[PDB]
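These notes are about the structure you will find just below.
Please note: Cβ atoms are built from the backbone with ideal geometry, for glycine as well, and neighbour counts cover all protein chains shown. Please treat every number below as a calculation from the coordinates, not as lab data.
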Amino acid sequence: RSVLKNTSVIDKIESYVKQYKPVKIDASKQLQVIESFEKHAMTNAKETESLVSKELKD
Amino acid sequence: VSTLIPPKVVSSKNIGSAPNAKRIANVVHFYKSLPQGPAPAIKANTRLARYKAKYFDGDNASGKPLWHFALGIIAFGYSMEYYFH
């Protein structure tokens, strides 16, 4: 800014930048899909685990 | 992207390979297996379970029963020779 001697636009774009400073807001969208996915996955994982462990001892 | 769900699903590896067939065979065969089989024959008793035991067991096949069996028929007709003569 101290480079520009025509400064009356650096204050403008500074204020515009600081205005739109939360340019994009927070996202956690993996919290409904991750838990649902975890349930189906967990169910299947434990089933497989128990099955093959059982077979090993058999 | 989000992984697929196959690696955590198993339910047809138990028909999926050949030793499954052998397994279901040898769980029955071996589980109810005896350490040793029952018998190599032993009946003919009347003081002749001994005859079978000495001669007609797996222990030996030798010409001794043959001689004995031959001699029985010889003893029949030899006595009968003097019944005919």
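Data for the structure
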read-out: Inter-part distance where region B:7-35 and chain A are each reduced to a Cα centre, Å; value: 46 Å
read-out: Within region B:17-52, backbone nitrogen closer than 16 Å to the virtual label 7 Å beyond the Cα of B:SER62 toward Cβ; value: B:50-52
read-out: Modelled label reach - B:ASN20, point 7 Å along Cα→Cβ, region A:19-58 residues with backbone N closer than 20 Å; value: A:44-58
read-out: Angle between chain A longest axis and helix A:33-57 axis [Cα atoms, degrees, rounded to 10]; value: 30 degrees
read-out: Qualifying trypsin sites (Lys or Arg not before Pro) in chain A, DSSP loop, other Cβ atoms within 10 Å at most 15; value: A:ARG1, A:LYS5, A:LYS24, A:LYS29
read-out: Taking all pairs of distinct alpha-carbon atoms in region B:22-85, Kirkwood radius in angstrom; value: 15.7 Å
read-out: Along each principal axis, Cα extent of region B:17-57, largest first, Å; value: 55, 15, 12
read-out: Projected area, mean over directions - the protein assembly as shown, Cα convex hull, nm²; value: 22.8 nm²
read-out: Cα-derived Rg to Rh of chain A, Kirkwood definition; value: 1.66
read-out: Pairs of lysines in region B:1-54 (C-alpha under 29 Å apart; 8 or more residues apart or interchain); value: 7
